[PDB]
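Shown next are two forms of a single protein chain, provided one at a time as structure tokens under the names structure 1 and structure 2.
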Structure 1
């Protein structure tokens, strides 16, 4: 219901369709297997205006900060330069990515106290579940 319920550190506990989603993004099989094997924490921070999302695995960290509602450029882990906008809408944090006439949406919402992250591109959907650790 609020963005503050999404703030904190989350640990990945379940994943479904992530390989199909990365494949839809154009990610090579090597990066797909590395991404599938990773069990990253996700740290979400928000000061009212600025949203920061950090993804942390052993030896690998990526993080971006943006202003909610304002377009910005994202450098994704697979190496896309996207135009991205993050909004909080209808109880979910929605991250919309646009690049090369393509687009993808990552939605993060609270469900039964867990963080449910659904990544969509074209007609491929992936769902990843994290538990609160901090």
Structure 2
């Protein structure tokens, strides 16, 4: 019969939201932060342990980086604000992404090495090495 505070425990996904912007205006929150807050579709995570309550928030940001056909050059607009002429190929066991802009070039190689994705980014001298687990 009775609602207890422990029943509120779990992961809650936002499905509907009405009056957010008005309410934020009443608190005196700025336009940019009102809009950004009203956009996000956060998970709410509630934990109650007897009398101790914690509320947390989870936002996942999903971006398509690029979408291409292998061996066909295409214009990429990069997160740092370059417009590159790019082409991805498959040569000698590695996915090679080649970027050209403003007389410059940068390569980004992706390969498997012991069940892990090794990403190697080169620009002039400089290598950035990133490693990922399959999940």
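Only residues modelled in both forms are compared. Rigid core (definition): largest C-alpha set, two forms, superposition within 1.5 Å. Positions refer to the first chain, counted from 1.
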Of 101, 30, 58, 113, which is at the hinge where one rigid part rotates against the other between the two structures? 58
Relative to the larger rigid part, how many degrees does the smaller part rotate between the two structures? 178
Cα of residue 63, core superposed, displaced between the two structures by (Å) 2.3
After superposition on the rigid core, what is the displacement of the C-alpha atom of residue 79 between the two structures, in Å? 1.0
Quick one: how many Å does the C-alpha of residue 54 shift between the two structures once the rigid core is superposed? 26.5
Can you list the runs of 3 or more residues whose CA atoms move by 2 Å or more between the two structures, with the rigid core superposed? 1-63
